[PDB]
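Protein sequences, first through last, are from chains f, e, d, g, 7 and h.
Here the first sequence is numbered in PDB author numbering, starting from 1 and rising by one per residue.
Here the second sequence is numbered in PDB author numbering, starting from 1 and rising by one per residue.
Here the third sequence is numbered in PDB author numbering, starting from 1 and rising by one per residue.
Here the fourth sequence is numbered in PDB author numbering, starting from 1 and rising by one per residue.
Here the fifth sequence is numbered in PDB author numbering, starting from 1 and rising by one per residue.
Here the sixth sequence is numbered in PDB author numbering, starting from 1 and rising by one per residue.
The beta-carbon is built from N, C-alpha and C at its ideal position, and this holds for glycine as well.
Protein chains: 6
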Amino acid sequence: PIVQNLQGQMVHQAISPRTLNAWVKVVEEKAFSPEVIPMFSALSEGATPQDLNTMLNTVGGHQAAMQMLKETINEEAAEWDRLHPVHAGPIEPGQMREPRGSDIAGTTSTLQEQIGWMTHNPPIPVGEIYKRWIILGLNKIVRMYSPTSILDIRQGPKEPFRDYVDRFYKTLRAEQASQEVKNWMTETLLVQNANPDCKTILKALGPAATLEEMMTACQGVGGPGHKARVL
Amino acid sequence: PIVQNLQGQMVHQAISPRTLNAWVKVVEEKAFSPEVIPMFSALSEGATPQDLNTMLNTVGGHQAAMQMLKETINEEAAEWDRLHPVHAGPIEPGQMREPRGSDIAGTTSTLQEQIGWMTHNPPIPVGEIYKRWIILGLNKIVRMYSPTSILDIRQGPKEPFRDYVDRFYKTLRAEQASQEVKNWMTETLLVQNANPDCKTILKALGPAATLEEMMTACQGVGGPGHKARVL
Amino acid sequence: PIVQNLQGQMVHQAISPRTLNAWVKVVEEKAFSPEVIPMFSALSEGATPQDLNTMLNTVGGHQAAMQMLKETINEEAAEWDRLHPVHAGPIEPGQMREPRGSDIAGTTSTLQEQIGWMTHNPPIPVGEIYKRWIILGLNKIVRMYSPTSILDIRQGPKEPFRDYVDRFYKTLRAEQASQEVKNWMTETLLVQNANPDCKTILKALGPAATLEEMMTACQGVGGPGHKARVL
Amino acid sequence: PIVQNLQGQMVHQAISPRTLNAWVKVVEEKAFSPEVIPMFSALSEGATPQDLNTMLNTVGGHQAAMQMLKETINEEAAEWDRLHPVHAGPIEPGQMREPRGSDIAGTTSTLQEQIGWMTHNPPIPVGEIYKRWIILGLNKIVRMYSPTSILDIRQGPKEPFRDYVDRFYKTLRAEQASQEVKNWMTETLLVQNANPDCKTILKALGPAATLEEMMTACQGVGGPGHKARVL
Amino acid sequence: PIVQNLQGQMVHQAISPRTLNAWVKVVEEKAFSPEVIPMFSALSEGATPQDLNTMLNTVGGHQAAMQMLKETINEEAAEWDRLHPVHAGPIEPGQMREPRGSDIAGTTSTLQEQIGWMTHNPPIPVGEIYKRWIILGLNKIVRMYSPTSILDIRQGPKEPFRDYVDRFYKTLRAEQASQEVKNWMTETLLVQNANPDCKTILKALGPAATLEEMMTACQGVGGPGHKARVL
Amino acid sequence: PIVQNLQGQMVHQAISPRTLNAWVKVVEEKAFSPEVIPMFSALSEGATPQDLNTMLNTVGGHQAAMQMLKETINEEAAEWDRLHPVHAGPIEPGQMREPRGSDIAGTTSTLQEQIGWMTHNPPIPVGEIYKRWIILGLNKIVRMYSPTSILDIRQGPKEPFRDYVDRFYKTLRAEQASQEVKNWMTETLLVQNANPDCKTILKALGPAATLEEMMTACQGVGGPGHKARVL
């Protein structure tokens with residue numbers, strides 16, 4: 001990784017292998033749940049492409065999904081090669097070469113080379129770009145492997161609103177369709193697939209009613225207060 | 001995180017996945033509680049608004065909680081909107097631009113602008129501002145996860161004052177009413193829903209008497225259904 | 001806490017959450033036992049009032065004992081407030097005002113200000129005074145848990161004196177009895193209800209003995225359990 | 001190792017027992033998996049040849065395997081001596097000299113010379129060469145005691161495609177055949193040993209198509225839902 | 001404990017709850033065995049009496065033992081008063097006072113007296129004085145609660161000499177008698193209580209060979225099953 | 001123990017009982033074993049001779065070999081002391097004395113001077129000498145506890161040159177058998193009861209074939225060695 005807030009010059013610094021074992025622990029235990037991606041976002045911060053392949057390639061398991069990840073990163077590399085014109089040397093003797101797509105994967109590049117483009121005036125953030133390609137591919141892997149579908153989250157007759165919301169959100173989180181697509185569902189579908197006791201407050205009483213009145217909706221067996229269950 | 005320092009200039013510091021993994025170990029295995037609030041408060045000390053977000057976005061479980069937390073912040077963001085001036089003349093120097101409420105909450109702002117506002121004279125304490133707005137959504141969660149309802153608890157007929165007080169005090173604290181109301185729970189309701197030996201001792205002891213005597217009451221007695229006392 | 005202890009150069013450092021979480025687990029597992037009291041003293045060493053408030057209120061242990069521990073902080077600050085009458089209240093740009101009861105607990109006050117009384121000449125011992133208010137509150141909770149009966153610990157005719165001496169020193173650690181009340185019990189409990197062969201030996205010794213002499217005594221019971229030199 | 005990032009990068013740090021225990025656990029779970037080579041690359045960041053020897057003899061299990069690895073070290077160490085005619089400078093330690101393949105494997109060298117060499121201008125990268133020799137013996141064991149032959153795996157009779165390729169890509173990963181054979185096995189052995197109506201889909205999609213289109217196919221083989229993670 | 005020795009700026013530190021949880025697992029495990037005497041004596045070199053009273057009162061079990069430790073300390077605090085009275089010569093304002101034996105055990109002294117005496121030149125080391133009454137205390141508990149005799153150990157018929165010699169040296173360490181007597185014990189009892197076939201091997205080996213020779217001879221009687229008994 | 005992260009200044013901290021205990025945790029659980037020696041090196045770099053004396057005397061187990069090691073660390077002191085000319089100074093302000101046998105072991109030395117020597121420029125490394133002395137005692141306990149009699153390790157009559165490896169190389173890790181007589185073990189004894197096909201491969205290549213060449217020889221008997229090493 002590269003560190004530049006301890007003193008004002010960039011210096012390279014080793015990865016802790018314990019953290020790698022913890023990232024392995026989180027995808028070994030929790031798999032393709034959309035919550036894992038935060039640990040990786042924290043992992044990949046302030047990295048090089050050499051740190052990034054180490055991070056991608058420490059996950060030994062899940063190789064269909066890693067091979068889907070590998071296809072997504074090859075297609076962004078390949079996009080990068082056809083969106084530029086074809087020459088890639090220094091503009092003038094003694095200036096540096098231009099980043100290729102494969103250099104961004106650290107494939108055809110070495111640590112000093114990647115870091116001199118990161119420290120140059122102006123720099124090219126090849127590490128943050130390679131992290132994007134993984135992060136797209138993680139967002140892809142969570143959706144592909146989600147067991148539930150966001151239109152068919154439907155509220156039972158014995159299920160609290162808070163329990164419905166816990167099923168809806170996680171599934172909504174793991175689905176990869178757009179932000180406004182996602183907000184539009186929370187105006188529509190969230191109401192639509194609610195049980196009539198919850199839906200009755202959400203349609204008729206609307207914006208006027210308290211947040212609390214909605215979150216304690218469809219929980220009235222035994223009156224106020226939350227109900228202890230082992231599940 | 002950030003390193004404010006004794007006489008040096010304040011400085012940014014490298015992300016910890018081990019803090020992050022450690023934080024949601026409480027959410028996953030202890031759940032949300034008044035007891036989380038000073039651990040979260042000590043854990044989120046020295047944190048930027050972006051570190052605060054990384055921590056909250058990690059949380060996978062608890063999504064009717066997470067939605068209660070987002071909504072409860074949107075009131076205090078929109079409160080920040082009208083406090084902010086319509087016109088007051090020229091923007092201060094030594095700061096990148098001037099924030100609005102989303103820029104406080106790390107939402108729209110870059111980690112340079114955030115530390116920029118801290119480094120300006122005087123400081124804008126964006127992450128300390130935000131740190132309460134989370135605690136308010138935390139407060140709201142505490143009132144949606146309460147399972148003891150302050151009227152309908154009582155002391156059982158021969159049950160310890162030690163266990164009753166634990167019963168009444170931990171309920172009282174999560175109840176969201178004014179202190180004058182909270183004092184009425186302890187003045188009236190308390191006595192009343194206590195069994196006759198614990199009220200009778202409390203009636204019998206004077207105002208400068210020991211609480212070590214009150215706190216041992218009702219251990220090895222028969223109470224209603226089993227007594228021989230006429231009162 | 002404060003670091004550079006007792007040296008003319010003291011500076012505050014935030015408590016690690018790992019340290020705090022060690023104090024939360026120490027408290028949840030060992031509970032309000034005699035053992036945990038000096039464990040609190042270590043952590044209290046150079047704690048501020050503002051750390052001490054965190055330590056007291058972050059813990060998920062029995063609340064009726066915590067409420068009497070808090071009610072001793074309230075008794076001790078109205079006593080201090082009784083001890084020193086205080087002239088002139090807070091003013092906005094002021095410094096080095098007199099410390100009220102509320103402020104020594106850290107309630108009406110802020111970190112920089114608490115620091116101000118500790119770095120004064122000669123220094124106020126702001127956390128020590130509050131620290132002593134907690135230690136009393138601890139000691140009172142041990143008297144609530146005390147065995148009802150000292151006369152039903154096992155003290156029959158085969159029960160050995162060293163194991164009985166544990167049974168008694170644990171019955172005493174809970175009671176916390178004065179040297180004049182212990183002098184009554186060493187004769188007419190301890191040495192009286194010793195097993196026959198050991199009490200014959202203890203009748204020759206007499207009960208005014210030291211523990212070192214009492215433990216040295218008892219060679220003439222069968223086997224090696226009571227002997228001080230073993231063949 | 002040196003993990004130093006401030007100053008002249010010269011201050012050596014001791015490797016930790018705790019880290020070497022977390023490493024020893026990985027060998028206990030997964031000795032023969034290629035997810036170990038990046039964990040071990042991550043553990044050998046910044047190592048001296050003393051440290052590399054400490055880490056090689058920390059593993060106690062897999063006797064024949066770590067004595068294959070040591071065979072492999074000694075072969076390259078002897079390769080090195082007939083690759084280089086005439087080693088420059090003293091034949092004895094502790095004066096300016098060319099490290100032999102034995103000084104490189106740490107055997108005739110000292111930490112004192114190993115730091116001299118790594119701190120030289122240009123730096124002589126003894127802990128990196130010694131790393132690469134361990135990596136070459138480690139890959140050979142990892143391929144040698146691999147559990148799966150690529151040829152003998154097949155799809156199961158009422159089995160999905162998703163768990164069949166979960167194994168096939170992971171098996172193609174520690175495969176010893178070169179990329180041109182690896183693409184023939186992808187091209188042929190995948191779709192040869194696929195079950196008949198998936199073979200249908202495979203050939204209908206063709207080879208150039210995204211893997212993601214194939215990962216959503218052959219799911220009605222598993223039928224109705226009955227075992228996935230609860231939201 | 002006192003840290004940062006020999007730079008010209010001594011520092012004091014405090015003991016973390018996680019350290020304390022580790023300490024009292026170890027002291028309650030090894031209370032009656034000599035194993036405890038090095039642990040205490042190492043931590044004395046860096047401990048104030050306030051540090052040593054922390055290590056004493058956190059242990060939490062063995063009340064006859066651990067209190068008799070404290071009685072021994074107050075016994076030897078009394079001794080100190082009449083072996084050296086404070087202040088035989090002059091005394092004046094601004095001069096550092098002589099320690100009393102209650103100032104040694106920390107009971108009457110402040111922490112600044114205790115660091116002040118220690119950090120003088122030639123030093124007054126009150127931590128090293130207090131360690132004598134501690135180590136005496138430790139020998140009194142392990143002497144009284146260890147019933148183990150050097151006079152009942154022996155080698156059975158199928159017992160390895162290495163197994164007998166290891167138990168004998170462990171019971172030798174436990175036995176409190178001066179080295180010249182122990183040299184006698186090895187001379188005599190160790191040959192005398194050895195197994196006849198092996199008293200013959202030692203008669204054939206003679207008296208002037210090494211400890212390595214006795215324990216590597218005379219082994220392997222235990223059928224196939226011998227491997228469980230010896231390492 | 002000492003720690004240093006920066007040039008030309010450092011921090012001696014007091015010995016953790018947690019880290020003392022880890023060493024005890026390796027000895028109590030795994031005893032004397034090859035991997036004690038790595039772990040012990042990784043631990044002991046920052047340790048003073050007083051740290052190392054604490055680690056030895058805290059052992060409670062394996063007491064006869066702790067004596068064998070005590071004799072070994074003492075005779076190495078004697079060999080260091082005897083074989084350099086003696087000109088043994090006193091404690092002299094601003095002059096460093098010449099380490100002698102007893103000084104290297106802490107015996108006739110004190111904590112200031114142990115930091116002194118270890119942290120000079122160029123260093124005087126007494127704890128690095130003292131490491132090697134302890135190590136040389138430990139090779140003897142291991143060599144006693146490890147297997148022996150390389151001649152008696154035979155191949156089953158139905159074995160296909162394949163399963164002897166793990167006991168055979170454990171004995172060769174224990175002490176190295178010389179290349180001619182290890183050829184002779186292989187040619188004369190080891191292959192003697194073997195199938196004709198394995199006897200034809202072993203004689204063609206010679207007794208000194210690679211462990212890679214032999215484990216990939218004799219294919220498809222189904223004998224000894226046809227089990228998984230990790231499952």
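Across the structure, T108 (chain d) and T108 (chain 7) are spaced so that their CA atoms are roughly 33 Å apart. For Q112 (chain e) against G106 (chain e), the beta-carbon gap comes to about 12 Å, at or over 8 Å, which does not count as contact. In terms of beta-carbon proximity, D152 (chain e) stays away from the interface with chain d, with every pair separated by 8 Å or more.
Shown here, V221 (chain d) sits in coil according to DSSP, grouped into three states, outside any helix or strand. Boundaries of the alpha helix (DSSP H) around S102 (chain e): 101 to 104. For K140 (chain d), the nearest beta carbon of chain e is closer than 8 Å to its own beta carbon. Ranked by how close their Cα comes to the Cα of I104 (chain g), the residues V86 (chain g), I134 (chain g), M10 (chain g) have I134 (chain g) in first place. Contacts between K170 (chain d) and chain 7, judged by CB atoms closer than 8 Å, involve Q63 in chain order.
Proximity to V230 (chain h) across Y169 (chain g), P1 (chain g), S178 (chain g), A31 (chain g) peaks at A31 (chain g), based on C-alpha coordinates. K131 (chain h) is classed as buried because its beta carbon has at least 16 other beta carbons within 10 Å across all chains shown. Considering only beta carbons, the part of the stretch 5 to 18 of chain g lying closer than 9 Å to chain h consists of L6, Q7, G8, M10, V11, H12, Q13, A14, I15, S16, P17, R18, in chain order. Annotated three-state conformation of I73 (chain g) is helix, per DSSP. By the beta-carbon neighbour count (other beta carbons within 10 angstroms, threshold 16), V165 (chain e) is buried. Ranked by how close their Cα comes to the Cα of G220 (chain g), the residues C198 (chain g), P207 (chain g), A204 (chain g) have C198 (chain g) in first place. Considering only beta carbons, the part of the stretch 195 to 210 of chain g lying closer than 9 Å to chain f consists of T210, in chain order. Beta-carbon to beta-carbon, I15 (chain h) and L43 (chain 7) are separated by about 7 Å, close enough to satisfy the 8 Å threshold. The beta-carbon of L43 (chain e) is placed less than 8 Å from the nearest beta-carbon of chain d. In the three-state scheme derived from DSSP, where H, G and I count as helix and E and B as strand, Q13 (chain f) is classed as coil. Looking at the backbone, the Cα of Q13 (chain e) and that of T110 (chain e) are separated by about 15 Å. Counting every other CB atom within 10 Å of its CB across the protein chains shown gives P17 (chain d) a total of 16 or more, marking it as buried. Sequence-distant partners of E98 (chain 7) (beyond 5 residues in either direction) whose C-beta falls short of 6 Å from its own C-beta, in its chain, are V86, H87. Using a C-beta cut-off of 8 Å, the stretch 34 to 49 of chain g makes contact with the stretch 55 to 65 of chain f, since at least three inter-stretch Cβ pairs fall below that distance. Scanning its chain for C-beta atoms nearer than 8 Å, with the 5 sequence neighbours on each side dropped, one finds around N5 (chain e) the residues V11, in chain order.
For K227 (chain f), the neighbours in chain e by C-beta distance under 8 Å run, in chain order, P147. Pairwise C-beta distances place the stretch 120 to 127 of chain 7 out of contact with the stretch 152 to 172 of chain 7, as fewer than three of them are shorter than 8 Å.
In the DSSP assignment, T54 (chain f) falls within the alpha helix (DSSP H) that extends over 49 to 57. Around the Cβ of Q176 (chain d), a 10 Å sphere holds fewer than 16 other Cβ atoms; the residue is exposed. For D166 (chain g), the enclosing alpha helix (DSSP H) begins and ends at 161 to 173. Closer than 8 Å to the CB of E71 (chain g) there is at least one CB belonging to chain h.
With 16 or more other Cβ atoms inside 10 Å of its own Cβ, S33 (chain f) counts as buried. Interface residue (Cβ-Cβ distance to chain e less than 8 Å): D166 (chain f) is classified as such. When DSSP states are grouped into helix, strand and coil, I2 (chain e) belongs to the strand group.
Chain d places no beta carbon closer than 8 Å to that of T188 (chain 7), leaving this residue out of the contacts. With a beta-carbon spacing of about 12 Å, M66 (chain h) and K140 (chain h) fall beyond the 8 Å limit used to define contacts.
With fewer than 16 other CB atoms across the displayed protein chains lying within 10 angstroms of its CB, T148 (chain d) is exposed.
No Cβ-Cβ contact shorter than 8 Å links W80 (chain f) with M96 (chain f).
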